[PDB]
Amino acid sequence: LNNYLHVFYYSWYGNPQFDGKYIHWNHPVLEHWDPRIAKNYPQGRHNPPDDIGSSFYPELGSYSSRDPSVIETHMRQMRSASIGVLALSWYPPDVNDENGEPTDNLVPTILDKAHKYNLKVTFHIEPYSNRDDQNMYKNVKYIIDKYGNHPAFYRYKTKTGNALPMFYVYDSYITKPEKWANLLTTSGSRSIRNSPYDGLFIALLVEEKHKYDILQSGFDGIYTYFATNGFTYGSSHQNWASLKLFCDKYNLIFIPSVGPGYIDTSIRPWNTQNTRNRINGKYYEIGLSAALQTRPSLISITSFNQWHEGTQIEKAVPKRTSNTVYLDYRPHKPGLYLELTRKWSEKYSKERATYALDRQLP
């Protein structure tokens, strides 16, 4: 079970049984800004259970994230994958992504289930409305207060010093460095440094130039999230050497994000440019290779169950309707992506042991 391997996990799926309505599965098709173009693509919400907002279909069908049994199935699959850590997509209590409902209520249950399968839960902080340095304090406080004690709560052990919580900050570049430095530097007017609320804050690097904003912000590390090789500077495999080199010089944790593929045309019909066919695992293994070549301190997987963007490694099954031939993992099995992860997790976990200075050779 590899505690250096994180996977982005979403708890925002709903269905009438547990949640009394479909949530996320019944995703609306997102309009292109330009109506001249949008009118030539589909319109409306998908109609689960047979029409979902995904190119792929799950073994668990149009499941509820709040289904105790689904959570369990999810832990089992991540444990089979040799992934120690799910990075849970998070919105403050009583707040939600624009196409979902609140999910903070469900964190306690997800922690209990991670524990049951000997897994760790860290927090992927989404761009909630008017997110800034001040409510980021209130909310880092909230996360560590309410869930910090829990045995499944994730802390990144340094060989020396306290183990520190990790916050992955999605779209960190939205907030100016001088505001971040209020929270993330020692002298910050609202610094969490050397306090009960310290942690490792990982910035999303999109453009090369964000390097310097991230340095100035006082962030501990950078990650790249996007599963499409070439989508951003940061999500392009060729640039991962440079970011590793950069982070090393500046004592930042470089966390590359690897995807098995991308396809979101079920809900962004204009976004074909960023489709990546899986070619039966070869895309995902190129990604995993490029990541391990940087001898990184952690690796992130985009994603476990982002079904809308077709980046999920969660088990998928062939399915056809009167209009739709869903993608699937044929000729391989529903677990191909869980198996390819196990393969590369064990290979990482072995090479990673030869990195430390006190474990170098003649």
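The numbering used is simple: start at 1 and walk along the sequence shown.
Between 6-14 and 347-355, it is 347-355 that carries the larger average Cα temperature factor according to the deposited entry.
For the pair 203-211 and 98-106, the mean Cα B-factor is higher in 98-106.
Residues shown: 232, 277, 89, 158. Highest C-alpha temperature factor in the entry: 158.
Per the deposited coordinates, the residue with the largest Cα temperature factor out of 130, 185, 228, 251 is 130. The deposited CA B-factor of residue 68 belongs to the highest third of values across its chain.
Among the modelled residues of its chain, residue 314 has a C-alpha B-factor that falls in the lowest third according to the deposited record. When the modelled residues of the chain are ordered by C-alpha B-factor, residue 281 sits in the middle third. Per-chain ranking of the deposited C-alpha B factor places residue 140 in the middle third. Annotation for residue 330: C-alpha temperature factor in the middle third relative to the rest of the modelled chain, per the entry.
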